[PDB]
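Chains as they are written, first to last, in UniProt numbering: chain Z, 335 to 391, 396 to 652; chain B, 863 to 960; chain L, 279 to 328; chain G, 1010 to 1107.
All residues carry an ideal CB built from backbone N, CA and C; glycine is no exception.
Below: one structure, written as structure tokens.
Printed below as a string of structure tokens:
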């Protein structure tokens, strides 16, 4: 029953947003990044991007917006990395799930023919160990603590984001000059509207017609917007909004944080030397390991210590 | 938390206003002297007297259900034991309240 | 039970009159006014499929 | 910036108190975004500090558990007992060895 899950991002389209670090400078990117969440334990993050996943223009695809015309590529062309390369697991809607290492940035990039697209964001990505032994890469063998990782399926749960009317995405490949006037050519099956300032205050909504206007000489004075009544977008701050109550629905978010099981390491066994009312502890941690002691009386005198070197505690 | 943000209301050669919603910590402010850009060129034709409204509010995160902390108050506890009593080779195992 | 709205026609939320593969924007407008609804997920998964 | 900057009354309360020091900022000249500046998640900052649990610090060697909030096996105090024994259980002397 995956088609019942995917059917609500059918109402939506990918968009372009402002990314601060692109391949050269600051651009408008089809793969812009809204948020990175890293609160699952063993390295799984969940990116909310400005692209869409699991839909065609199909199984493993990214769907993006390239200057109005929606394009697509396979998922194995898209790569992202924090410090080391991350590994993309799945995608659903505006959301992507990756297995990432710890780092102070996220950079997603894909490669078209001779154009390289990128988007780096200053979003911190952390790695959260489970248990009292602080590893950096999840182990090979040990025991199994309960944990909380981002679930890998797109099951509808009780958490939502809010969708809206796309506003007037302005264009300038529409407006062109005649030999003496200004010419607006809206695309087929799409209505534009034109605001000019060459007479007094001029405004028009045109449909499917190469519609010239007299008294306008230079095309710097006319802005040709674009309109799509269908096809929701996200409530982004990188998009402008429409006029009047703005709201059209809400969609569920995939890959929520669920309870699970995680494998944790097991420290080398301490070597215990006994004496008269005293206990010595030889400790050889492989990776840093919390030692926590307490006494079974009315004053516990608890001791809490991260130990990362070979150490003897009496 | 999760700072939610509404899309910027932009009017060309106009002036917006602040209409509140009483969302939690709902800040709103109206900015004048703005010449915004889209991907397909500039957005207004006016140099000045344009207006952009920022509106932000705080809502709680999507993972609030499985990852949250419960603040309680406790007083006047109640002790309850699982005894195993044998009186004259007749044994029971009963939760006694003490 | 929960009754959804497109007009003054309180239809059952499991039985919508329109679907997205028929209409591009009328379904989105029907979902627009019915956001404050506890049976919005029922209206949602019914309003996709015919 | 500390524990409880979000205060939702229950998990599904749909009315949360929020004091997160949110301040809106002026957008960059030529860009459509909503720039804000707020104090970080006090719940995350509580999780970074987190003096250890009562499972490891409790006096008398208690064993704190979760689903009923309870302690176990705290070796403190003493239980008194009252036995109301019927007279039928008292066997006579010569029906036992001596």
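| request: Taking residue 1077(G) as the reference, give the member of 934(B), 884(B) and 946(B) with the closest Cα. | output: Ranked by Cα distance from residue 1077(G), the options 934(B), 884(B) and 946(B) are led by 934(B).
| query | Considering only the beta carbon of each residue, do residue 1031(G) and residue 1016(G) sit closer than 8 Å? | reply | no
| request: Figure out for me which residue from 1059(G), 1072(G), 1057(G) and 1038(G) has the closest Cα to the Cα of residue 909(B). | output: It is 1038(G) whose Cα lies nearest to the Cα of residue 909(B).
| message | If distances are taken between C-alpha atoms only, which option among 370(Z), 527(Z) and 480(Z) comes closest to residue 605(Z)? | response | Of the candidates 370(Z), 527(Z) and 480(Z), the one whose C-alpha sits nearest the C-alpha of residue 605(Z) is 480(Z).
| request: Give the residues from the segment 286-315 of chain L that approach chain Z closer than 7 Å (Cβ to any Cβ), ordered along the chain. | output: Flagged, chain order: 298, 302, 303, 306, 309, 310 and 313.
| query | Who are the Cβ neighbours of residue 321(L) in its own chain at under 7 Å, not counting the five residues just before and after it? | reply | Annotation for residue 321(L): 282, 291, 294, 312 and 315 place their beta carbon closer than 7 Å to its own, counting only its chain and skipping 5 residues before and after.
| message | Tell me the rounded alpha-carbon separation between residue 929(B) and residue 451(Z). | response | 44 Å
| Contacting positions in the segment 544-575 of chain Z - beta carbon closer than 7 Å to chain L | 567, 568 and 570
| request: Could you check the C-alpha separation between residue 870(B) and residue 1061(G) for me, to the nearest Å? | output: 45 Å
| request: Please report the Cβ distance between residue 941(B) and residue 865(B), rounded to the nearest whole angstrom; I am assuming they are in contact, meaning their Cβ atoms lie under 8 Å. | output: Contact flag wrong, Cβ pair sits at about 47 Å.
| message | Using only CA atoms, which one of 580(Z), 550(Z) and 577(Z) lies nearest to residue 513(Z)? | response | 550(Z)
| field | Where residue 310(L) falls: helix, strand or coil (DSSP) | value | helix
| field | 8 Å Cβ cutoff met for residue 428(Z) and residue 435(Z) | value | Taking 8 Å as the Cβ cut-off, residue 428(Z) and residue 435(Z) qualify as a contacting pair.
| query | By DSSP, does residue 582(Z) sit in helix, in strand, or in coil? | reply | Residue 582(Z) falls in the coil class under three-state DSSP.
| query | Going by the CB atoms, is the gap between residue 1020(G) and residue 918(B) shorter than 8 Å? | reply | For the 8 Å CB-CB criterion, residue 918(B) and residue 1020(G) do not form a contact.
| Is DSSP giving residue 539(Z) helix, strand or coil here? | coil
| message | Give me the chain Z residues within the contact set of residue 320(L), using Cβ-Cβ distance strictly less than 8 Å, ordered along the chain. | response | Going along chain Z, no residue has its Cβ under 8 Å from residue 320(L), so there is no contact; the nearest lies around 12 Å.
| Under 8 Å (Cβ pairs) to chain B, residues found in the segment 508-519 of chain Z | 508, 509, 510 and 511
| How about residue 437(Z): is its C-beta nearer than 8 Å to some C-beta of chain G? | no
| Which of the three DSSP states, helix, strand or coil, is assigned to residue 635(Z)? | Residue state, collapsed to three classes: coil.
| Nearest CA to the CA of residue 1041(G): which residue from 354(Z), 371(Z) and 359(Z)? | Per the Cα distances, 354(Z).
| request: Please check if any C-beta of chain Z sits within less than 8 Å of the C-beta of residue 1051(G). | output: no
| query | How many angstroms separate the CA atom of residue 1045(G) from the CA atom of residue 647(Z)? | reply | 43 Å
| request: Can you have a look at residue 1079(G) and say buried or exposed, based on whether 16 or more other CB atoms are within 10 angstroms of its CB? | output: exposed
| query | Under 8 Å between C-beta atoms, does residue 636(Z) make it to chain G? | reply | At least one chain G Cβ lies under 8 Å of residue 636(Z).
| task | Tell whether a beta-carbon distance below 8 Å holds between residue 402(Z) and residue 501(Z). | result | Inclusion of residue 402(Z) and residue 501(Z) in the CB contact set at 8 Å is not warranted, their separation being larger than that value.
| Residues that residue 563(Z) bridges to, as DSSP identifies them | 531(Z)
| message | If the criterion is Cβ atoms closer than 8 Å, does the pair residue 477(Z) and residue 601(Z) meet it? | response | yes
| Under three-state DSSP, which class holds residue 431(Z)? | strand
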